[PDB]
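Coordinate inspection notes
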Amino acid sequence: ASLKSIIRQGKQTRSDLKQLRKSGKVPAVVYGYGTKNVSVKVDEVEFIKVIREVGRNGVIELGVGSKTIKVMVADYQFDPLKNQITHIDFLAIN
Amino acid sequence: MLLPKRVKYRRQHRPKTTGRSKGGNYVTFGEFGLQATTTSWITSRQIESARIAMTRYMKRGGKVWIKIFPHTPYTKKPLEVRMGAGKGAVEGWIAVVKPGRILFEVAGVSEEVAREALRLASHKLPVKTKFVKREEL
Amino acid sequence: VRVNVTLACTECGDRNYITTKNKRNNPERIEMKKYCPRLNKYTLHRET
Amino acid sequence: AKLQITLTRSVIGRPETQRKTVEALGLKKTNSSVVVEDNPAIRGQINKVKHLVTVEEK
Amino acid sequence: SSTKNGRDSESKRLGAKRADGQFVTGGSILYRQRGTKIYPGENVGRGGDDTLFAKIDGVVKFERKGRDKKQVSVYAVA
RNA sequence: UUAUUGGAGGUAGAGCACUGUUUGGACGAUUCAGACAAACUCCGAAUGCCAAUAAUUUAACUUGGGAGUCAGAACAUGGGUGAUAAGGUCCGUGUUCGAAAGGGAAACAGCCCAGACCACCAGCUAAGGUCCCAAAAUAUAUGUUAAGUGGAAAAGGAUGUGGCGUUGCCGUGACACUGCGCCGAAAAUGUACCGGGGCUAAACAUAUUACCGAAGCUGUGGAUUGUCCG
RNA sequence: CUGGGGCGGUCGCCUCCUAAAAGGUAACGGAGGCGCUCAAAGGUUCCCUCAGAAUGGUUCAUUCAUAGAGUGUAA
RNA sequence: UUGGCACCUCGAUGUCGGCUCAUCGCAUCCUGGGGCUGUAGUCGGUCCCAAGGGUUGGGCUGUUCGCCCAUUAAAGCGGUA
RNA sequence: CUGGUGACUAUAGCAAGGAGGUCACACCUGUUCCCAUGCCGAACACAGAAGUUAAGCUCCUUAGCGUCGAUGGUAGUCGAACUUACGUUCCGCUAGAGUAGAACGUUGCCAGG
Ligand SMILES: [Mg+2]
Ligand SMILES: [Mg+2]
Ligand SMILES: [Mg+2]
Ligand SMILES: [Mg+2]
Ligand SMILES: [Mg+2]
Ligand SMILES: [Mg+2]
Ligand SMILES: [Mg+2]
Ligand SMILES: [Mg+2]
Ligand SMILES: [Mg+2]
Ligand SMILES: [Mg+2]
Ligand SMILES: [Mg+2]
Ligand SMILES: [Mg+2]
Ligand SMILES: [Mg+2]
Ligand SMILES: [Mg+2]
Ligand SMILES: [Mg+2]
Ligand SMILES: [Mg+2]
Ligand SMILES: [Mg+2]
Ligand SMILES: [Mg+2]
Ligand SMILES: [Mg+2]
Ligand SMILES: [Mg+2]
Ligand SMILES: [Mg+2]
Ligand SMILES: [Mg+2]
Ligand SMILES: [Mg+2]
Ligand SMILES: [Mg+2]
Ligand SMILES: [Mg+2]
Ligand SMILES: [Mg+2]
Ligand SMILES: [Mg+2]
Ligand SMILES: [Mg+2]
Ligand SMILES: [Mg+2]
Ligand SMILES: [Mg+2]
Ligand SMILES: [Mg+2]
Ligand SMILES: [Mg+2]
Ligand SMILES: [Mg+2]
Ligand SMILES: [Mg+2]
Ligand SMILES: [Mg+2]
Ligand SMILES: [Mg+2]
Ligand SMILES: [Mg+2]
Ligand SMILES: [Mg+2]
Ligand SMILES: [Mg+2]
Ligand SMILES: [Mg+2]
Ligand SMILES: [Zn+2]
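Attention in this report is confined to the structure presented alongside it. (Residues numbered from 1 in each chain as written, not as in the entry; some residues may be left out. Chains lettered and ligands numbered in written order. Part of a larger assembly, values for the part shown. Heavy atoms only, no water. Residues with missing side-chain atoms left out of burial classes, pairs and counts.)

Focus on the overall build of chain B
Selection rule: The helix count covers DSSP runs of H or I at least four residues long, the strand count covers runs of E at least two residues long, and both are numbered beginning at the N terminus. By definition, residues are in contact when any of their heavy atoms lie within 4.5 Å.
If you tally the helices and strands in chain B, you get two helices and seven strands. Counted from the first residue to the last, chain B has its helices and strands arranged as β-β-α-β-β-β-β-α-β. The C-alpha extent of chain B, read off along each of the three principal axes, is 55 × 30 × 25 Å. For chain B, the share of sequence-separated contacts (at least 6 apart) that also reach a separation of at least 24 residues comes to 81%.

Written out as structure tokens, the structure reads:
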């Protein structure tokens, strides 16, 4: 139910994103009612653990910068080759 | 399958083979699929041979989906002719396959049976392949 | 259309106005009012 | 508020447009130099030919 | 054998002949086209072969008309 | 030439709204889902192009006198053709050769670095290199390979070895990704693609510090012709 | 002219693709068309709106129908 | 091999077959060593190692090729303009 | 607030429900005149006013279809380095699709009230 995210500060380059995905992290974005858009990054292993523990339509307690906002996985991007999640869309369900 | 019933133009520019697979990258009709990891033309004869192998091993019972169709005709000049004097005549029909494209899907058999059937089919194809399951979180 | 024609005025000796027609469609000498420079008015120019 | 630009790579084998930009910067021969006031236009020229020049804040 | 193909017509050099924001004299062709791919706007005429031309001296402005149509006008330079 | 601003247009990609092609359902042609297109488009870049008024720069145009040229080539890249053959052929774009010497690529027009006014037994660098041939590191740190792999190849095969993980039973397995190697691997005068000797690093991958290295740049003297003020 | 020449094919003009989102751009590259026609199928003023489907009737009517019709002719 | 291309040679690089004389490769025809065999033996089939030596006299055809006669342990396939 | 008439990329349209006609708009009643149907006063045109909100039309509440639409990422790609690998790397630009979301119009005059 709980996942910790790190705010992505500034505009990442292509190399920054490549290093992020190599280091086992997933870029993500949080938006929706009660929250302002913010780019974050979560650990892939931890995210998979949370998602298997709550399912697909579940509610995730996402620590986003001194705020424990509740989100749902609106969408995600997957690379079928190398079997790696590449991006997540966390929708703050209010 | 085999070939289109008709096409507007029977002499077509050959398709571009660089890049990654544009679509059809997920299992959507069955439980398991054969995913290409390498790029090539795939002919109708190759498709038919792979299909016969997979369905014969599965002993019917299951369902087979062929996700690629040979839309593109390709031409070949007659044996031993000089260059020029127009384009040749249609020789066969091909599909372009790029990494990620699901080639076949199966359902209605166990996981082990699906794996064996897809391996047998893959040995008929000009591409490297990987066994894939229906994608969930 | 089918054949070139020349339309002639009743005062001007010029045959300035050539045009075409279909002989089967209009076998009769076609005529129409055309401007005539030498008279500075429209007159009746008829097929030759 | 002034940059020193040095032409450290030859214009031989470079496309004509890069050569024209190098010429517009006042650089003549290899290892020649210019000093110009910094502004967005000069920055654009430098960025166009940055693989051929070295910039020092002067 | 032989090819039945091999024919083409002379290219007709269509398209824009003056730039948006450029000053033109009266009679200057702004656009060659088939049909009204761009429509005649203010102080702009449409010739018999659909050529768009400036009817006054002024500055060329390409502008949108409606949702999926375009036009070009000429405006007298103040 | 760049910055900024405005504009024209339909490529790459993508998509299926039209045309055509196609797979599996459902209902009794339509509908759900999923694909394909140089001559399909509901969409649509990067660039390039046309202009307008700031920075840098040095051309531009017109009119005359005099030409030569109208066999091109390779490389890279966007495409047609051919067989996603050719040192093939035909167009677009860029470079070099042509008409260009010098250093590197063993040798090697077209690749990489770089454009030779002349002289010097001065110096700094480029590509490329530093065990001997043969100038400069038998350099430093971490690791990989054991195949002379390095120093020419594939489907496929395999308890070769290293890094990563998700996992299961209770040391042991399954699975997924990945680094480097192995087999697959047969040609004609003589070893015979590392250039040779040789090398287990003198191979490979990261990082760092030196140095060598050209007719490039600098230093000194000189020649010629211009510009600014001899 | 010609991937030697011959034989075959082609030779002017129009449209599309190739053509790399200005224009231009080749091959014995991929497709087609022209050597006219119309006295209205020209000009002007006024008015008008299609294909198709469904449903009823021993062509008509209703309903939808942004054009999926038509535009003399190839695109 | 039949070709594709048209890069050397058109101020000349003699074309097929045979004869003479060879020389090299190994994808081995024989001989030597060996694994499997639906290898009892005698013979075979197939694969692996192996290039030392050996590997034919006639009929027909210009022929190469090929068919045939009679042999032989065998009558190998290719490169060298 | 209504109407007339413009401007704007449907954010404006369609769809479903409800509310209203004092004037106004409309439906409406007719065909003598002007005018009118390849036939018909259906339309156009003209007299009007019996009546009616019933429909058009205005007003209200809905995001159902349609339209608009970020941020984040992906594809592609200018340039550079590596490289010949159906490529890799760096840099700038940055889609399409989809997501949150916007949206059941905004406004210029003229007149009435
Ligand atoms: Mg799709
Ligand atoms: Mg043309
Ligand atoms: Mg005309
Ligand atoms: Mg495409
Ligand atoms: Mg389909
Ligand atoms: Mg298909
Ligand atoms: Mg397209
Ligand atoms: Mg080539
Ligand atoms: Mg060539
Ligand atoms: Mg070229
Ligand atoms: Mg030059
Ligand atoms: Mg040289
Ligand atoms: Mg040199
Ligand atoms: Mg050299
Ligand atoms: Mg060598
Ligand atoms: Mg040398
Ligand atoms: Mg070499
Ligand atoms: Mg030094
Ligand atoms: Mg040396
Ligand atoms: Mg030395
Ligand atoms: Mg070696
Ligand atoms: Mg080797
Ligand atoms: Mg091997
Ligand atoms: Mg050697
Ligand atoms: Mg060497
Ligand atoms: Mg020197
Ligand atoms: Mg010098
Ligand atoms: Mg010929
Ligand atoms: Mg002939
Ligand atoms: Mg272009
Ligand atoms: Mg163009
Ligand atoms: Mg024709
Ligand atoms: Mg003709
Ligand atoms: Mg040959
Ligand atoms: Mg040639
Ligand atoms: Mg000769
Ligand atoms: Mg001679
Ligand atoms: Mg052997
Ligand atoms: Mg031997
Ligand atoms: Mg022998
Ligand atoms: Zn007259």
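That covers the picture; the talk isn't over yet.
With respect to the overall build of chain D
As a reminder of what qualifies: As defined in this context, the radius of gyration uses C-alpha atoms, and a globule is described by 2.2 Å times the residue total to the power 0.38.
Tallying secondary structure elements over chain D gives two helices and three strands in all. When the helices and strands of chain D are listed from N to C terminus, the series reads β-α-β-α-β. In summary, chain D has a C-alpha radius of gyration of 10 Å against a globular reference of 10 Å for 58 residues, a match within 12%. Along the longest, intermediate and shortest principal axes, the C-alpha atoms of chain D span 35 × 20 × 15 Å. When contacts within chain D are restricted to residue pairs at least 6 apart in sequence, those whose partners lie at least 24 apart make up 74%.

Focus: the sheet that holds strand β2 (residues 40–43) of chain B
Two pairing modes exist for strands in a sheet, parallel and antiparallel, and in both the strands are linked by backbone hydrogen bonds. Residue and element names in this part refer to chain B. Under the convention used in this document: One bridge is not enough; two strands pair if DSSP finds at least two bridges between them. Helix axes are fitted only over the stretch in contact, all axes being lines through C-alpha atoms; the angle between N-to-C directions runs from 0 to 180 degrees.
Read across the sheet, three strands follow the order β2-β5-β4 without closing on themselves; strand pairing throughout is antiparallel. In the strand order of this sheet, the two ends are held by β2 and β4 (72–76), each with one partner. Ignoring strand direction, the axes of neighbouring strands in this sheet form an average angle of 50°. Summarising the sheet, β2 and strand β5 (residues 89–97) pair through four bridges and their orientation is antiparallel. Following the sheet pairing, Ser 40 is matched in β5 by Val 97. Across the sheet, helix α1 (residues 44–58) touches β2 and β5, and the angle it forms with β2 is around 70°.

Some remarks on the side chain of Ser21(B)
Residue and element names in this part refer to chain B. How we decide: Under the rule applied, a polar contact is a pair of N or O atoms within 3.5 Å (in protein, one hydrogen donor and one hydrogen acceptor; residues adjacent in sequence only if both atoms are side-chain atoms).
Structurally, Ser 21 can be placed in the segment before β1 (32–36). Within the local environment of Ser 21, its side chain forms a polar contact with the backbone oxygen of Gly 23, the two atoms lying 3.2 Å apart. Once residues within four sequence positions are removed from consideration, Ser 21 is found in contact with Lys 98, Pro 99, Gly 100 and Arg 101.

Section: the packing of aromatic side chains
Filter applied, for reference: For this analysis, a ring pair means two rings from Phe, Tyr or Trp (six-membered ring only for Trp) whose centres lie within 6.5 Å, classed as stacked if their planes differ by under 30 degrees, edge-to-face if by over 60, and tilted for the remaining angles. For a ring to carry a charge above it, either NZ of a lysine or CZ of an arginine must fall within 6 Å of the ring centroid while also lying within 35 degrees of the normal to the ring plane.
Both rings, one in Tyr35(C) and one in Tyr42(C), keep their centres 6.1 Å apart while their planes meet at 70°; by these two values the pair is edge-to-face. In this arrangement the basic side chain of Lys34(C) is found over the ring face of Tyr17(C), its NZ or CZ atom lying 5.1 Å from the centre. The ring of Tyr39(E) has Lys65(E) sitting right over it, with the charged end atom 4.5 Å from the ring centre.

A word on the arrangement of the chains
No other pair among the two pairs of chains in contact exceeds the contact count of chains A and B. Between chain B and chain C there is no contact, and the shortest C-alpha to C-alpha distance separating them is 37 Å. One thing to see here is that chain A and chain E don't touch, and their nearest C-alpha atoms sit 32 Å from each other.

Re the sheet that holds strand β6 (residues 102–107) of chain B
Residues and elements named next belong to chain B. Pairing is antiparallel across the open sheet formed by four strands, whose spatial order is β3-β6-β1-β7. Strand pairing shows two members of the sheet lacking a second neighbour, β3 (63–66) and β7 (129–133), which therefore form its edges. The sheet shows a mean angle of 20° between the axes of neighbouring strands, taken without regard to direction. Contacting β1, β6 and β7, helix α2 (residues 111–122) crosses the sheet at an angle of about 30° to β1.

Let's talk about the pairing of strand β6 (residues 84–92) of chain A
Residue and element names in this part refer to chain A. Across five bridges, strand β2 (residues 25–32) lies against β6 in parallel orientation. Across the sheet, the residue bridging to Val 30 is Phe 90, located in β6. Here eight bridges tie strand β5 (residues 68–79) to β6, and the two strands are oriented antiparallel to one another. For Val 73, the partnering residue across the bridge sits in β6 and is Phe 90. The loop that links β5 with its antiparallel partner β6 comprises four residues; one of these, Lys 82, has a positive phi angle of about 75°.

A few points about the interface of chain A and chain B
Stated precisely, the cut-off is as follows: Just so you know the grouping, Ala, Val, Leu, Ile, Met, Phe, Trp, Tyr, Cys and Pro go in nonpolar, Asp, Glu, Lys and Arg go in charged, and all remaining residues, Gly too, go in polar.
On the side of chain B, five residues touch chain A, which itself brings five residues to the contact. Here the residues of the side of chain A that touches chain B are counted per class, giving five nonpolar, no polar and no charged.

A look at the pattern of salt bridges
For clarity, the threshold we go by: Definition used for salt bridges: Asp or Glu carboxyl oxygen within 4 Å of a side-chain nitrogen of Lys or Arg.
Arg51(B) is the salt-bridge partner of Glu48(B), the closest N and O atoms lying 3.2 Å from each other. A residue pair is termed a helical-turn pair when its members lie 3 or 4 positions apart in one helix, as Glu48(B) and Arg51(B) do in helix α1 at three residues. Residue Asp50(E) is joined to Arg46(E) by a salt bridge in which the shortest nitrogen-to-oxygen separation is 3.1 Å.

Here we look at the environment of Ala92(A)
All names here are of chain A. By the element assignment, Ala 92 lies in strand β6. Separated by 31 residues in sequence, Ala 92 and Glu 61 have C-alpha atoms that sit 9.9 Å apart. For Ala 92, the residues in contact, after removing those within four places along its chain, are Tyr 31, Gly 32, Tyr 33, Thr 35, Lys 70 and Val 71.

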